[PDB]
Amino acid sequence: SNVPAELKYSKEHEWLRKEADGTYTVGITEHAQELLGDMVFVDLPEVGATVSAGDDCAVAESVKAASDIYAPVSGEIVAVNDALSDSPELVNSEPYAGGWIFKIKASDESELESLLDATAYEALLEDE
């Protein structure tokens, strides 16, 4: 539930799911969304944008504040969640499903190789 088994994780508090075509679907974790509160807008990057790990490339707006969402890995943005324009509350209700933010074609295997796993992640919320 709170941390699905099959996912990779950043810190950041983002998740990544490897798609069948080798790209990664990225969104924020239940813990990230809980800390955000109800999302009212999200500003998505441009499809075709190149990012480096650590770039701020999307913004979630809640009732209380704006907050940056950072690239978990280096790569090219291949898709963005256009459902979030009408239904931004999907980040809150379905952070691992309907609430995904973007998709990335990763350009660097070593970054991928240091992403946290369901276990290393549950150790990070639990750590503090």
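Counting begins at 1, following the sequence as shown. Each form is matched to the other, and the largest set of C-alpha atoms that superpose within 1.5 Å is called the rigid core.
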**Prompt:** C-alpha RMS from this form in 5 other deposited structures of this protein, rigid core superposed: larger for 95-103 or 66-74?
**Reply:** 66-74
**Message:** Which segment is farther from the shown form on average in 5 other deposited structures of this protein after a rigid core fit, 43-51 or 57-65, going by CA atoms?
**Reply:** 57-65
**Request:** Can you let me know which of the two, 71-79 or 38-46, has the higher average C-alpha B-factor in the entry?
**Result:** 71-79
**Asked** Mean CA B-factor: is it higher for 5-13 or for 102-110?
**Response** 5-13
